[PDB]
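Just one chain is shown here, as structure tokens, and it is the form deposited in one PDB entry.
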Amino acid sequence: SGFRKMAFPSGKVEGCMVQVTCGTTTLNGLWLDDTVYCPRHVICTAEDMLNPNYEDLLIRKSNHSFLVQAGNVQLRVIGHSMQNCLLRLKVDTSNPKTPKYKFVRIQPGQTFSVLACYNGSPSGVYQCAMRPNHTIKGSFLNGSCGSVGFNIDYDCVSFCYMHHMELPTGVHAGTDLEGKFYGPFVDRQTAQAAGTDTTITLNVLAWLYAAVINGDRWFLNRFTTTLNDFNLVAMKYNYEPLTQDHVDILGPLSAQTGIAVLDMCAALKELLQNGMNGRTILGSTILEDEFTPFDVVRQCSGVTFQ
């Protein structure tokens, strides 16, 4: 029993983290096989992030311009190239702790664990979700660029986020490990701002199933709703519309609990309309949307507290 935000154990990725320095800028890189990934803004200067041209900024340096430090061991760079917003520095050494791995572009709504690192050294790990507005509410201080996000399936580490920027409201924007940003963001110091966000409906619904699998029934009700009626209510409270694809995703949890999705929808629309007055769900006052249906199945029992 219990239900907590939980991250994937972080060891396989800790053994991937190095420090890349260029000039006076130091940040984190990920080191898999003979290659180290890091944010290309590592070459941008003492503020010429105001208007960088990177194709040009990068042609002004060589291999010996980047130093990569794995613990107390200098990696020699012997070639480098730019891939969208990331650099990829070839080193003379293959990392011998490279886990089996993949790079995946994750989708709004999905969750992943972030190992926050400073100067190449891991310092804490925490779970979050890609928001619908393509930011993440991380916790990052100066020096954490290049910190990665990942999920782990079996023994395979699926990298999906590398950290690049903080936005004016304090939320964070970065890219996948091909160097393509999540969201309309660019690696330049511009006026740019997270857009309006929305609550991940599929997630809240998964977390109500989690509260019933764990053994709580109190918000349920004898009603059902159509998708259409549900969404007209969702949209008013700034929830993402629910589609039949999300309805289908919740199939397994619904079958484990004997509650129809649309009956779960009625119950939420109630929680939306009547507030959570005074009561909590899995410990929260507030509908929580940073758990996916898969996180709830991973973490919950396979048997329902009926």
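Residue positions are given as counts along the sequence shown, with the first one as 1. In this text, rigid core is short for the largest set of C-alphas that superpose within 1.5 Å between two forms.
Q: After a core fit, does 77-85 or 135-143 show the bigger CA gap to the shown form in 9 other deposited structures of this protein?
A: The more displaced stretch in 9 other deposited structures of this protein turns out to be 135-143.
Q: For the stretches 294-302 and 11-19, which has the higher mean C-alpha B-factor as given in the deposited record?
A: It is 294-302.
Q: Regarding 269-277 and 30-38, which shows the higher C-alpha temperature factor on average in the entry?
A: 269-277 has the higher mean C-alpha B-factor.
Q: Using the temperature factors in the entry, find which of 106, 86, 78, 204 has the highest value at its Cα atom.
A: Among 106, 86, 78, 204, the highest C-alpha B-factor in the entry belongs to 106.
Q: Where does the C-alpha B-factor of residue 72 rank in its chain, lowest, middle or highest third?
A: Highest third - that is where residue 72 ends up once the chain's C-alpha B-factors are sorted.
Q: If you rank every modelled residue in this chain by C-alpha B factor, which third holds residue 161: lowest, middle or highest?
A: Residue 161: CA B-factor falls in the middle third of its chain.
Q: In terms of the chain's CA B-factor thirds, is residue 221 lowest, middle or highest?
A: CA B-factor rank for residue 221: lowest third.
Q: Where does the C-alpha B-factor of residue 143 rank in its chain, lowest, middle or highest third?
A: Within its chain, residue 143 is a highest-third residue by C-alpha B-factor, going by the deposited values.
Q: Name the third of the chain's ranked CA B-factors that contains residue 133, choosing lowest, middle or highest.
A: Answer is lowest: the recorded C-alpha B-factor places it there.
Omitted here: the form solved in complex with a partner chain. The next part is about that form.
Q: Can you check 159-167, 85-93, 200-208, 217-225 and let me know which stretch has heavy atoms within 4.5 Å of its partner chain in the entry with it bound?
A: The contacting stretch is 159-167.
Q: Taking heavy atoms only, is residue 190 within 4.5 angstroms of its partner chain in the entry with it bound?
A: Heavy-atom contact with its partner chain at 4.5 Å: present for residue 190.
Q: Under a 4.5 Å heavy atom criterion, is residue 32 part of the interface with its partner chain in the entry with it bound?
A: Flag for residue 32 set to no.
Q: Even though its partner chain is not shown here, does residue 145 get within 4.5 Å of it in the entry with it bound, heavy atoms only?
A: Residue-level check for residue 145: yes, a contact with its partner chain.
Q: In the entry with it bound, does residue 73 come within 4.5 Å of its partner chain, counting heavy atoms only?
A: No, residue 73 is distant from the partner.
Q: Would all three of 41, 49 and 141 be in contact with its partner chain in the entry with it bound, where contact means some heavy atom lies within 4.5 Å?
A: Each of the three qualifies.
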